[PDB]
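Scroll down for the structure; my scribbles are underneath it.
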Amino acid sequence: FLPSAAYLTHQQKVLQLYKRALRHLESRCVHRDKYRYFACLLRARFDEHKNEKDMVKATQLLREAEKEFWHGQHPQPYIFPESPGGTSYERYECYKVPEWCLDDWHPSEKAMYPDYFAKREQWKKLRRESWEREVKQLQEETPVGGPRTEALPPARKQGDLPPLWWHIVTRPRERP
Amino acid sequence: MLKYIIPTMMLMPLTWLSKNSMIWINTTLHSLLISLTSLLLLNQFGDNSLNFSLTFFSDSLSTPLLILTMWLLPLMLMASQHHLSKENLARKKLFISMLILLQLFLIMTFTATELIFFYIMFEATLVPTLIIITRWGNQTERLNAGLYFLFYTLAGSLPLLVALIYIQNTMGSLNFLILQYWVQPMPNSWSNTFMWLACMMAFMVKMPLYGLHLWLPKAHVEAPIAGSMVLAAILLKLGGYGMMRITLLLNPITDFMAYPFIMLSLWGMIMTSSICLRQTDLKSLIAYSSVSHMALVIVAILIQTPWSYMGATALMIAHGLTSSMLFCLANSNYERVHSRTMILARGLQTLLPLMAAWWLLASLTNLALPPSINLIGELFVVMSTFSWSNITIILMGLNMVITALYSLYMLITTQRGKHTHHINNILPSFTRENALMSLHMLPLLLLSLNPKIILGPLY
Amino acid sequence: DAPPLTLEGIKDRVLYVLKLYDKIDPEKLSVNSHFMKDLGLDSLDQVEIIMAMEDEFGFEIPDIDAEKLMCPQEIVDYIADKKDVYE
Amino acid sequence: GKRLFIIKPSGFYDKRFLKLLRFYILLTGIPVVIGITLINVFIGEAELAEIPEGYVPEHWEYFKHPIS
Amino acid sequence: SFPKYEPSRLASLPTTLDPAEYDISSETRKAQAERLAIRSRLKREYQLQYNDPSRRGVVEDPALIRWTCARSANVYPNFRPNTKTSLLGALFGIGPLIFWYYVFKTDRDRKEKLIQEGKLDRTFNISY
Amino acid sequence: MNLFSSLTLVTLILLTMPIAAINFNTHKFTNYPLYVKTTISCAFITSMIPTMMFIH
Amino acid sequence: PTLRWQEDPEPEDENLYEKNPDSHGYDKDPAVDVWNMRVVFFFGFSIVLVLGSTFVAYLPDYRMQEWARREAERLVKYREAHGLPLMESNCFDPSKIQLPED
């Protein structure tokens with residue numbers, strides 16, 4: 001379930017397992033030195049049969065690895081206080097105001113902050129000035145009869161902005 | 001009382017012979033003047049009711065409901081613009097005069113003396129509700145809504161007429177006093193059971209009771225805001241007022257014949273509070289909330305304690321204000337996005353940072369936050385029904401729990417956590433909706449201070 | 001709780017913890033390097049490096065990205081995305 | 001060269017409404033409370049005597065408070 | 001070393017130990033390709049009608065509309081009264097009602113007979 | 001005692017100014033945290049007295 | 001080859017702002033909306049709310065309350081000052097009663 005391709009692969013699947021087991025081993029293991037010991041031990045256990053030219057025995061060892069992992073996880077895996085699941089999970093979302101607002105203000109406060117609204121207005125003219133031709137031509141131009149991907153090409157043509165960028169650029173600053 | 005009847009009439013040719021940008025100030029100003037005019041009424045004292053004629057009178061059950069009606073008209077009349085100001089001038093004038101004729105028949109109904117006159121004014125209360133909700137029902141099934149509406153209300157309220165004519169020509173005239181002072185008890189022949197069943201079943205339909213509440217949700221999800229506020233507050237508490245009066249007769253068989261309806265009301269109160277926990281169409285949650293509070297009303301009416309009638313009338317007035325306010329807030333949100341669904345319009349603690357204050361305040365009244373009136377109502381009804389039986393408090397408390405959770409779900413569902421950030425059209429709050437919230441929640445807290453007014457005849 | 005991060009500073013801190021790592025050299029340790037071409041180390045210790053950055057700065061990076069950093073400059077760019085680095 | 005720019009919803013319409021509400025309650029919240037304060041600091045409440053011999057009152061001359 | 005994680009209606013089956021994810025036939029590759037294609041086209045339509053600078057209103061999802069119209073208005077059509085529907089209807093609609101009815105008859109007949117004896121604690125029971 | 005009842009009721013009513021204050025001010029006082037802290041301190045010093053009278 | 005309709009494309013979403021940034025409640029007529037605000041407050045709060053607050057804060061003894069307080073005061077003082085038991089049971093006189101017989 002991922003934007004790039006239809007699956008992870010074998011490689012990244014093993015990799016995510018290694019990240020999870022190392023993270024759980026943090027969450028199991030305090031004092032950081034025995035942590036470092038057991039981390040090198042775990043790396044050696046993956047080093048034992050890294051170089052199988054076989055594939056089916058490798059993926060079977062992957063499944064038996066997942067069994068001994070899920071038997072040995074932690075009750076509180078150590079989630080960082082910025083991640084979803086974690087302590088924050090858009091903690092300061094109280095002030096994550098989208099910027100389609102701030103133009104519906106009374107012109108007294110548009111007189112209170114003048115230069116900002118002048119440059120914001122030329123931003124919106126930058127948006128609309130290159131909205132129709134380049135962006136919609138680049139979208140209906142390149143792909144197959146079905147799109148069949150979730151990436152999108154840049155604006156390498158000559159000049160102006162890559163397509164469909166407004167709600168990517170204009171976001172909250174994640175600590176206001 | 002004709003001092004209230006006749007300016008409510010003369011507010012109608014007013015609206016005809018004003019013009020564009022001229023109807024509005026006249027209607028709203030003069031309707032507020034009539035609100036002061038019936039704030040003058042409250043004189044009622046001691047021995048009996050007070051008689052405004054050889055024809056009209058006011059019980060102290062009728063005074064707060066009547067004042068609530070004349071309070072609720074100008075609020076409504078302001079509330080029902082911006083969804084019809086772009087329609088035609090003649091149709092707009094017809095709309096305002098429709099509501100004024102509606103209020104006129106409501107005053108006629110509440111200040112009745114004869115129960116036959118009460119019945120005529122009952123269905124004259126009915127017919128403008130129909131025309132409003134069908135002409136501006138604003139969704140594809142306003143047809144079915146009006147059709148269900150009128151056939152449930154008439155075909156329940158039809159044999160009520162027959163029972164009252166039969167009582168008329170077996171016990172003389174029909175003053176409420178001469179209904180009193182002359183009522184003799186009537187035993188358990190099956191004709192008595194059917195007569196009681198006829199009267200009580202017609203008002204059961206109008207409350208609603210549980211087996212006849214699918215009258216309601218179409219008739220509020222496909223109504224305009226004016227007819228919805230009208231329908232909820234004034235019409236449901238009008239049905240309760242009718243049963244509160246005509247339960248004076250036929251006390252010696254209501255004990256034997258009241259057992260199925262209480263149990264229907266209790267298990268349906270639990271089921272209705274459960275069914276408003278999971279629905280979409282946010283407008284309908286207030287409707288099922290209204291069925292929950294009216295089920296508690298019906299428990300309070302069929303038990304016959306003075307404790308119970310005090311709790312019943314307080315629960316009536318507080319739920320009328322809560323539901324009318326909360327319908328107006330849901331109309332504000334539907335004016336924002338063209339959805340009516342629940343899970344769509346989200347966020348809004350950030351944006352409109354004081355619309356949420358009114359949502360919070362109404363949600364805590366519907367919780368029955370304790371200085372408010374709705375807790376006074378629910379608490380005295382629970383006291384009276386616990387003296388009725390040592391067992392029913394399971395149902396009342398479980399109603400309190402599920403009521404807390406759906407009301408809080410209404411609060412923190414649509415107005416908590418994340419705006420969907422493809423909305424980008426909601427305007428900051430107008431002065432008008434702020435005024436409407438202000439007109440709801442000043443009198444609710446002001447009665448929260450001094451509530452000895454609104455308790456019933458058995459004060 | 002906000003000391004300001006800056007581009008020279010984040011460059012120095014990331015290169016400090018790469019230089020502290022064992023099996024590379026402080027000679028052929030470039031900003032525009034590769035974890036695939038010229039340092040020649042494997043994917044495994046590459047994700048050990050990703051673990052070092054997550055455990056220093058205090059936040060996860062997801063595995064949609066840990067496939068595809070493979071150079072220190074894009075590491076600095078990606079914490080510049082997560083932190084929105086201007087004062 | 002330190003400060004940033006917050007993004008607020010608005011202040012204008014909201015504070016305008018609340019300013020209007022306090023002004024339009026307060027414009028007759030003040031003279032009425034001044035009036036009733038003058039009432040119970042000048043005009044007297046009432047006194048607790050009994051019915052004089054052969055003198056029926058009005059339906060007022062019955063209540064403590066003078067405004068009532 | 002482990003009893004292989006019996007699932008439930010509550011405990012979700014996690015991504016790892018499926019064990020259907022490791023029998024990748026060509027049909028699963030075909031299905032994942034087409035499923036990514038569907039998600040690609042829907043995000044394309046959505047993003048183009050999401051970033052229009054003239055687009056004032058909301059993007060008006062037919063998915064939410066279709067779910068709501070399926071949930072409420074498309075119940076009563078369609079229906080037939082089956083044995084399962086009628087059975088569960090008369091069970092979960094009439095059962096609790098008639099049960100609570102008999103137990104309140106029982107409590108009320110107890111209290112009526114008991115204060116008809118007069119030996120109840122209503123020495124001061126005014127707030128009835 | 002009039003002192004006893006008087007001091008207890010003002011320990012109540014000292015917690016009633018500031019809510020009505022910023023409900024009625026609308027000119028944002030910079031000293032608002034200092035204000036709530038100093039009214040809690042004044043409620044404290046009024047509350048120390050009748051408890052010691054009670055134990056006395 | 002068919003349309004079934006002929007009307008305008010709907011709606012026409014009028015922002016009630018963005019022609020008046022000072023606007024109160026209803027549509028873009030400038031002055032009479034200010035009159036709407038002024039009437040619904042000044043005849044809705046400034047004459048209704050505070051006057052109703054006075055008028056229902058006190059009025060006479062609604063349903064005879066303090067009358068009953070002082071009347072019960074005087075009656076219980078009398079029934080202490082003349083020895084007889086306070087609140088005689090059997091509220092109607094048993095001399096003026098007639099039980100039907102067996």
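Labeling convention for the structure tokens: chains A, B, ... as they appear, residues from 1 per chain, ligands from 1 in order of appearance.
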
For chain D against chain A, which residues fall within 8 Å using only C-alpha atoms, given as a ChimeraX atom specification? /D:6-10,12

Same residues, N, CA, C and O atoms, output as a short mmCIF file (atom, residue, chain, number, x, y, z; two decimals), in the first residue's frame:
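File written: result30.cif
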```cif
data_model
loop_
_atom_site.label_atom_id
_atom_site.label_comp_id
_atom_site.auth_asym_id
_atom_site.auth_seq_id
_atom_site.Cartn_x
_atom_site.Cartn_y
_atom_site.Cartn_z
N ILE D 6 1.69 34.82 12.33
CA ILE D 6 0.67 33.83 12.58
C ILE D 6 -0.46 34.02 11.56
O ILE D 6 -0.56 35.05 10.90
N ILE D 7 -1.28 32.98 11.39
CA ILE D 7 -2.41 32.99 10.47
C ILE D 7 -3.67 32.80 11.30
O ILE D 7 -4.00 31.67 11.68
N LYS D 8 -4.38 33.88 11.57
CA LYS D 8 -5.60 33.84 12.36
C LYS D 8 -6.81 33.71 11.44
O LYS D 8 -6.72 34.01 10.25
N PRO D 9 -7.94 33.21 11.96
CA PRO D 9 -9.17 33.22 11.16
C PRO D 9 -9.65 34.63 10.85
O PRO D 9 -9.74 35.00 9.68
N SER D 10 -9.93 35.40 11.89
CA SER D 10 -10.36 36.80 11.85
C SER D 10 -10.48 37.28 13.29
O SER D 10 -10.52 36.48 14.22
N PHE D 12 -12.18 40.59 13.35
CA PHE D 12 -13.00 41.76 13.08
C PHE D 12 -14.46 41.51 13.40
O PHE D 12 -15.03 42.16 14.27
#
```

Name the residues in contact with residue 19 of chain B at a cut-off of 12 Å, using only C-alpha atoms, excluding same-chain residues fewer than 6 positions from it; report them as a PDB file with N, CA, C and O atoms, in the first residue's frame.
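Final file, part11.pdb:
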```
ATOM      1  N   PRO B  13     -51.973  42.321   7.674  1.00  0.00           N
ATOM      2  CA  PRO B  13     -52.061  43.254   6.543  1.00  0.00           C
ATOM      3  C   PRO B  13     -50.909  44.223   6.500  1.00  0.00           C
ATOM      4  O   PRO B  13     -50.652  44.790   5.434  1.00  0.00           O
ATOM      5  N   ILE B  25     -38.492  45.048   8.640  1.00  0.00           N
ATOM      6  CA  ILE B  25     -38.360  45.824   9.859  1.00  0.00           C
ATOM      7  C   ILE B  25     -39.687  45.865  10.593  1.00  0.00           C
ATOM      8  O   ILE B  25     -39.740  45.720  11.820  1.00  0.00           O
ATOM      9  N   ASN B  26     -40.780  45.986   9.834  1.00  0.00           N
ATOM     10  CA  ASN B  26     -42.115  46.070  10.411  1.00  0.00           C
ATOM     11  C   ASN B  26     -42.491  44.779  11.109  1.00  0.00           C
ATOM     12  O   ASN B  26     -42.902  44.796  12.276  1.00  0.00           O
ATOM     13  N   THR B  27     -42.342  43.658  10.396  1.00  0.00           N
ATOM     14  CA  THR B  27     -42.652  42.349  10.955  1.00  0.00           C
ATOM     15  C   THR B  27     -41.838  42.060  12.200  1.00  0.00           C
ATOM     16  O   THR B  27     -42.404  41.738  13.251  1.00  0.00           O
ATOM     17  N   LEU B  89     -40.640  38.376  -4.309  1.00  0.00           N
ATOM     18  CA  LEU B  89     -41.204  39.224  -3.266  1.00  0.00           C
ATOM     19  C   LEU B  89     -42.574  38.729  -2.820  1.00  0.00           C
ATOM     20  O   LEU B  89     -42.872  38.721  -1.620  1.00  0.00           O
ATOM     21  N   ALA B  90     -43.416  38.327  -3.770  1.00  0.00           N
ATOM     22  CA  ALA B  90     -44.757  37.873  -3.421  1.00  0.00           C
ATOM     23  C   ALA B  90     -44.714  36.568  -2.640  1.00  0.00           C
ATOM     24  O   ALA B  90     -45.447  36.400  -1.657  1.00  0.00           O
ATOM     25  N   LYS B  92     -42.217  35.562  -0.805  1.00  0.00           N
ATOM     26  CA  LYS B  92     -41.673  35.881   0.508  1.00  0.00           C
ATOM     27  C   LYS B  92     -42.733  36.467   1.432  1.00  0.00           C
ATOM     28  O   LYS B  92     -42.800  36.115   2.623  1.00  0.00           O
ATOM     29  N   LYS B  93     -43.574  37.359   0.903  1.00  0.00           N
ATOM     30  CA  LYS B  93     -44.664  37.906   1.701  1.00  0.00           C
ATOM     31  C   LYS B  93     -45.636  36.821   2.121  1.00  0.00           C
ATOM     32  O   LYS B  93     -46.135  36.823   3.258  1.00  0.00           O
TER      33      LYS B  93
END
```

Specify as an MDAnalysis selection string all residues of chain E found within 10 Å of chain A, counting only C-alpha atoms. chainID E and resid 1:5 16:19 22 28:44 47:48 50:54

Hey, which bits of chain C sit within 12 Å of chain A, and for each residue what's the closest pair of atoms and how far apart in Å (one decimal), counting only C-alpha atoms, rows by chain and increasing number, as a Markdown table?
```
| residue | atom | partner | partner_atom | distance |
| --- | --- | --- | --- | --- |
| C:1 | CA | A:175 | CA | 10.6 |
| C:2 | CA | A:175 | CA | 9.3 |
| C:4 | CA | A:175 | CA | 11.7 |
| C:42 | CA | A:50 | CA | 11.7 |
| C:43 | CA | A:15 | CA | 8.6 |
| C:44 | CA | A:15 | CA | 7.6 |
| C:45 | CA | A:43 | CA | 9.5 |
| C:46 | CA | A:15 | CA | 10.5 |
| C:47 | CA | A:19 | CA | 7.6 |
| C:48 | CA | A:19 | CA | 8.5 |
| C:49 | CA | A:19 | CA | 11.2 |
| C:50 | CA | A:19 | CA | 9.5 |
| C:51 | CA | A:19 | CA | 7.9 |
| C:52 | CA | A:23 | CA | 11.5 |
| C:54 | CA | A:80 | CA | 9.1 |
| C:55 | CA | A:80 | CA | 9.0 |
| C:56 | CA | A:80 | CA | 11.3 |
| C:57 | CA | A:80 | CA | 10.3 |
| C:58 | CA | A:80 | CA | 6.6 |
| C:59 | CA | A:82 | CA | 5.6 |
| C:60 | CA | A:83 | CA | 6.5 |
| C:61 | CA | A:83 | CA | 8.9 |
| C:62 | CA | A:83 | CA | 9.6 |
| C:63 | CA | A:16 | CA | 7.0 |
| C:64 | CA | A:2 | CA | 7.5 |
| C:65 | CA | A:4 | CA | 10.7 |
| C:66 | CA | A:12 | CA | 9.0 |
| C:67 | CA | A:12 | CA | 7.1 |
| C:68 | CA | A:12 | CA | 10.7 |
| C:80 | CA | A:173 | CA | 11.5 |
| C:81 | CA | A:173 | CA | 9.9 |
| C:82 | CA | A:174 | CA | 8.2 |
| C:83 | CA | A:174 | CA | 7.4 |
| C:84 | CA | A:173 | CA | 6.4 |
| C:85 | CA | A:173 | CA | 9.3 |
| C:86 | CA | A:173 | CA | 10.0 |
| C:87 | CA | A:173 | CA | 11.1 |
```

Env of segment 69-78 of chain E: 12 Å cut, atoms = only C-alpha atoms, seq-sep filter 6 positions within chain, self excluded. Answer as a PDB file with N, CA, C and O atoms, in the first residue's frame.
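File produced: around.pdb:
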```pdb
ATOM      1  N   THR B 140     -35.702  16.159  -2.180  1.00  0.00           N
ATOM      2  CA  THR B 140     -36.506  15.442  -3.149  1.00  0.00           C
ATOM      3  C   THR B 140     -37.660  14.653  -2.550  1.00  0.00           C
ATOM      4  O   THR B 140     -38.459  14.111  -3.314  1.00  0.00           O
ATOM      5  N   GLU B 141     -37.789  14.564  -1.230  1.00  0.00           N
ATOM      6  CA  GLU B 141     -38.845  13.743  -0.651  1.00  0.00           C
ATOM      7  C   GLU B 141     -39.770  14.549   0.248  1.00  0.00           C
ATOM      8  O   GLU B 141     -40.426  13.976   1.127  1.00  0.00           O
ATOM      9  N   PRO B 217     -38.851  11.867  11.533  1.00  0.00           N
ATOM     10  CA  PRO B 217     -37.549  12.259  10.961  1.00  0.00           C
ATOM     11  C   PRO B 217     -37.592  12.760   9.540  1.00  0.00           C
ATOM     12  O   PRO B 217     -36.781  13.618   9.190  1.00  0.00           O
ATOM     13  N   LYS B 218     -38.525  12.286   8.725  1.00  0.00           N
ATOM     14  CA  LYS B 218     -38.696  12.884   7.412  1.00  0.00           C
ATOM     15  C   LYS B 218     -39.202  14.310   7.534  1.00  0.00           C
ATOM     16  O   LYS B 218     -38.676  15.225   6.886  1.00  0.00           O
ATOM     17  N   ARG B 278     -25.490   6.714  15.893  1.00  0.00           N
ATOM     18  CA  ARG B 278     -24.777   6.162  14.769  1.00  0.00           C
ATOM     19  C   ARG B 278     -25.253   6.714  13.432  1.00  0.00           C
ATOM     20  O   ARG B 278     -24.629   6.428  12.408  1.00  0.00           O
ATOM     21  N   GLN B 279     -26.336   7.479  13.407  1.00  0.00           N
ATOM     22  CA  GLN B 279     -26.830   8.021  12.156  1.00  0.00           C
ATOM     23  C   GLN B 279     -25.934   9.114  11.616  1.00  0.00           C
ATOM     24  O   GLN B 279     -25.262   9.831  12.357  1.00  0.00           O
ATOM     25  N   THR B 280     -25.964   9.244  10.301  1.00  0.00           N
ATOM     26  CA  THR B 280     -25.560  10.448   9.601  1.00  0.00           C
ATOM     27  C   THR B 280     -26.765  11.374   9.550  1.00  0.00           C
ATOM     28  O   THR B 280     -27.766  11.137  10.232  1.00  0.00           O
ATOM     29  N   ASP B 281     -26.686  12.417   8.716  1.00  0.00           N
ATOM     30  CA  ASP B 281     -27.708  13.462   8.602  1.00  0.00           C
ATOM     31  C   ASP B 281     -27.968  14.115   9.958  1.00  0.00           C
ATOM     32  O   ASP B 281     -29.000  13.916  10.592  1.00  0.00           O
ATOM     33  N   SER B 284     -31.021  15.103  11.697  1.00  0.00           N
ATOM     34  CA  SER B 284     -31.916  14.100  12.265  1.00  0.00           C
ATOM     35  C   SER B 284     -31.564  13.698  13.690  1.00  0.00           C
ATOM     36  O   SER B 284     -32.422  13.118  14.377  1.00  0.00           O
ATOM     37  N   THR B 341     -24.773  16.051   5.744  1.00  0.00           N
ATOM     38  CA  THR B 341     -24.206  14.854   6.323  1.00  0.00           C
ATOM     39  C   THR B 341     -23.349  15.223   7.521  1.00  0.00           C
ATOM     40  O   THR B 341     -23.037  16.390   7.766  1.00  0.00           O
TER      41      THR B 341
ATOM     42  N   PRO E  62     -18.777  11.937  -4.868  1.00  0.00           N
ATOM     43  CA  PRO E  62     -19.881  10.988  -5.031  1.00  0.00           C
ATOM     44  C   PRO E  62     -19.767   9.772  -4.147  1.00  0.00           C
ATOM     45  O   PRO E  62     -20.754   9.040  -4.025  1.00  0.00           O
ATOM     46  N   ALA E  63     -18.609   9.520  -3.537  1.00  0.00           N
ATOM     47  CA  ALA E  63     -18.474   8.351  -2.677  1.00  0.00           C
ATOM     48  C   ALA E  63     -19.277   8.521  -1.397  1.00  0.00           C
ATOM     49  O   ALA E  63     -20.027   7.623  -0.995  1.00  0.00           O
TER      50      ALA E  63
END
```

Please report, as a PyMOL selection string, each residue of segment 5-84 of chain G to which DSSP assigns alpha helix (DSSP H) when run on this structure's backbone. chain G and resi 30-42+49-57+65-81

Got time to write the residues from that selection, N, CA and C atoms, as a short mmCIF file (atom, residue, chain, number, x, y, z; two decimals), in the first residue's frame?
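Result written to part-v2.cif:
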```
data_model
loop_
_atom_site.label_atom_id
_atom_site.label_comp_id
_atom_site.auth_asym_id
_atom_site.auth_seq_id
_atom_site.Cartn_x
_atom_site.Cartn_y
_atom_site.Cartn_z
N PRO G 30 -27.18 48.27 1.57
CA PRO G 30 -26.21 48.63 2.60
C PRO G 30 -26.81 49.15 3.90
N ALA G 31 -27.78 50.05 3.83
CA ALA G 31 -28.22 50.74 5.04
C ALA G 31 -29.26 49.96 5.81
N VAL G 32 -30.17 49.30 5.10
CA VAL G 32 -31.29 48.67 5.77
C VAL G 32 -30.87 47.40 6.50
N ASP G 33 -29.72 46.83 6.14
CA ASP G 33 -29.18 45.75 6.94
C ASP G 33 -28.68 46.28 8.28
N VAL G 34 -28.09 47.47 8.28
CA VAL G 34 -27.68 48.11 9.52
C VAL G 34 -28.90 48.43 10.35
N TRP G 35 -30.00 48.79 9.69
CA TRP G 35 -31.24 48.94 10.44
C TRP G 35 -31.74 47.63 11.01
N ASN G 36 -31.52 46.52 10.32
CA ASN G 36 -31.92 45.23 10.86
C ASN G 36 -31.17 44.92 12.14
N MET G 37 -29.86 45.16 12.12
CA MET G 37 -29.04 44.97 13.31
C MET G 37 -29.52 45.86 14.44
N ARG G 38 -29.77 47.12 14.13
CA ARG G 38 -30.15 48.07 15.16
C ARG G 38 -31.52 47.77 15.74
N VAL G 39 -32.46 47.27 14.94
CA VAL G 39 -33.77 46.96 15.50
C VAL G 39 -33.73 45.66 16.30
N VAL G 40 -33.00 44.64 15.83
CA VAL G 40 -33.06 43.36 16.53
C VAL G 40 -32.23 43.41 17.79
N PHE G 41 -31.35 44.39 17.93
CA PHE G 41 -30.81 44.56 19.27
C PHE G 41 -31.65 45.53 20.10
N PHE G 42 -31.82 46.77 19.62
CA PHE G 42 -32.34 47.84 20.46
C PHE G 42 -33.79 47.62 20.84
N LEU G 49 -34.92 42.48 26.87
CA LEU G 49 -34.24 41.49 27.70
C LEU G 49 -34.06 42.01 29.12
N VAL G 50 -33.54 43.23 29.27
CA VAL G 50 -33.31 43.74 30.61
C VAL G 50 -34.63 44.15 31.28
N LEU G 51 -35.61 44.61 30.50
CA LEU G 51 -36.91 44.94 31.09
C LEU G 51 -37.66 43.69 31.49
N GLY G 52 -37.59 42.64 30.68
CA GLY G 52 -38.12 41.36 31.09
C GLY G 52 -37.41 40.79 32.29
N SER G 53 -36.10 41.05 32.40
CA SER G 53 -35.34 40.61 33.57
C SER G 53 -35.82 41.28 34.84
N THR G 54 -36.11 42.58 34.77
CA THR G 54 -36.70 43.24 35.93
C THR G 54 -38.11 42.72 36.19
N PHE G 55 -38.89 42.59 35.13
CA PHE G 55 -40.32 42.37 35.25
C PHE G 55 -40.62 40.98 35.79
N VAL G 56 -39.76 40.01 35.49
CA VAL G 56 -39.94 38.68 36.04
C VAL G 56 -39.02 38.40 37.20
N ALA G 57 -38.03 39.27 37.46
CA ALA G 57 -37.23 39.11 38.66
C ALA G 57 -38.10 39.31 39.89
N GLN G 65 -47.11 32.94 47.38
CA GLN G 65 -46.04 32.26 48.09
C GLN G 65 -45.80 32.88 49.47
N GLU G 66 -45.39 34.14 49.50
CA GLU G 66 -45.03 34.74 50.78
C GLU G 66 -46.24 35.07 51.62
N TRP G 67 -47.40 35.23 50.97
CA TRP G 67 -48.67 35.21 51.67
C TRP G 67 -48.78 33.95 52.50
N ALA G 68 -48.44 32.81 51.90
CA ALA G 68 -48.54 31.55 52.61
C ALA G 68 -47.51 31.43 53.70
N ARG G 69 -46.31 31.99 53.48
CA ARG G 69 -45.28 32.03 54.53
C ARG G 69 -45.79 32.74 55.78
N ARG G 70 -46.24 33.98 55.62
CA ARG G 70 -46.63 34.74 56.79
C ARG G 70 -47.94 34.25 57.39
N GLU G 71 -48.83 33.69 56.56
CA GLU G 71 -50.07 33.16 57.09
C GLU G 71 -49.81 31.92 57.93
N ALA G 72 -48.89 31.07 57.48
CA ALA G 72 -48.53 29.91 58.28
C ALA G 72 -47.79 30.30 59.54
N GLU G 73 -46.98 31.37 59.48
CA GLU G 73 -46.34 31.91 60.67
C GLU G 73 -47.36 32.26 61.73
N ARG G 74 -48.36 33.06 61.35
CA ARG G 74 -49.34 33.53 62.31
C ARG G 74 -50.21 32.39 62.82
N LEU G 75 -50.53 31.43 61.96
CA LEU G 75 -51.38 30.33 62.40
C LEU G 75 -50.65 29.39 63.35
N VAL G 76 -49.36 29.12 63.11
CA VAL G 76 -48.66 28.23 64.02
C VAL G 76 -48.35 28.93 65.33
N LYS G 77 -48.13 30.25 65.30
CA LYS G 77 -47.98 30.98 66.56
C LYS G 77 -49.28 30.96 67.36
N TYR G 78 -50.42 31.05 66.68
CA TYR G 78 -51.70 30.94 67.38
C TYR G 78 -51.90 29.55 67.96
N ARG G 79 -51.57 28.52 67.20
CA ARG G 79 -51.77 27.17 67.70
C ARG G 79 -50.70 26.71 68.67
N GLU G 80 -49.64 27.47 68.85
CA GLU G 80 -48.83 27.28 70.05
C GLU G 80 -49.40 28.07 71.23
N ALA G 81 -49.86 29.29 70.99
CA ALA G 81 -50.31 30.17 72.06
C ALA G 81 -51.70 29.83 72.57
#
```

Find the spatial neighbours of residue 174 of chain B, counting only C-alpha atoms, within a cut-off of 10 Å - ignore same-chain residues fewer than 2 positions away - and output them as number ranges by chain. B: 113-117, 164-165, 167-169, 171-172, 176-180

Could those selected residues go to a file with C-alpha atoms, as an mmCIF file, in the first residue's frame?
```cif
data_model
loop_
_atom_site.group_PDB
_atom_site.id
_atom_site.type_symbol
_atom_site.label_atom_id
_atom_site.label_comp_id
_atom_site.auth_asym_id
_atom_site.auth_seq_id
_atom_site.Cartn_x
_atom_site.Cartn_y
_atom_site.Cartn_z
ATOM 1 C CA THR B 113 -61.406 26.645 27.214
ATOM 2 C CA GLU B 114 -63.589 24.188 25.367
ATOM 3 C CA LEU B 115 -61.909 21.032 24.216
ATOM 4 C CA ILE B 116 -63.833 21.061 20.924
ATOM 5 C CA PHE B 117 -62.519 24.553 20.246
ATOM 6 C CA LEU B 164 -65.005 14.422 22.949
ATOM 7 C CA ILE B 165 -68.452 14.764 21.372
ATOM 8 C CA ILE B 167 -68.311 13.249 26.562
ATOM 9 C CA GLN B 168 -70.026 16.514 25.576
ATOM 10 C CA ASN B 169 -73.401 14.840 25.386
ATOM 11 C CA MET B 171 -71.664 15.312 30.985
ATOM 12 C CA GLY B 172 -72.869 18.763 29.970
ATOM 13 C CA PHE B 176 -62.165 23.133 32.027
ATOM 14 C CA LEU B 177 -63.877 24.049 35.281
ATOM 15 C CA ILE B 178 -67.106 22.275 34.372
ATOM 16 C CA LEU B 179 -64.976 19.464 33.117
ATOM 17 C CA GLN B 180 -63.755 19.849 36.655
#
```

Please determine the contact residues of chain D with respect to chain C at a cut-off of 9 Å, counting only C-alpha atoms, and supply them as an NGL selection string. :D and (1-4)

How about saving the chosen residues, N, CA, C and O atoms kept, as a compact mmCIF listing (two decimals), in the first residue's frame?
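The new file part-v7.txt reads:
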```
# COMPACT_ATOMS: atom_id res chain seq x y z
N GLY D 1 14.95 41.14 13.46
CA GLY D 1 14.98 40.06 12.50
C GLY D 1 14.78 38.71 13.15
O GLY D 1 15.60 37.81 13.01
N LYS D 2 13.69 38.59 13.88
CA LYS D 2 13.37 37.38 14.63
C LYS D 2 11.95 36.88 14.39
O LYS D 2 11.74 35.66 14.33
N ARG D 3 10.98 37.77 14.24
CA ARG D 3 9.59 37.42 14.47
C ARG D 3 8.92 36.87 13.22
O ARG D 3 9.35 37.12 12.09
N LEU D 4 7.83 36.16 13.44
CA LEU D 4 7.10 35.42 12.43
C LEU D 4 5.69 35.96 12.31
O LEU D 4 5.31 36.94 12.94
```
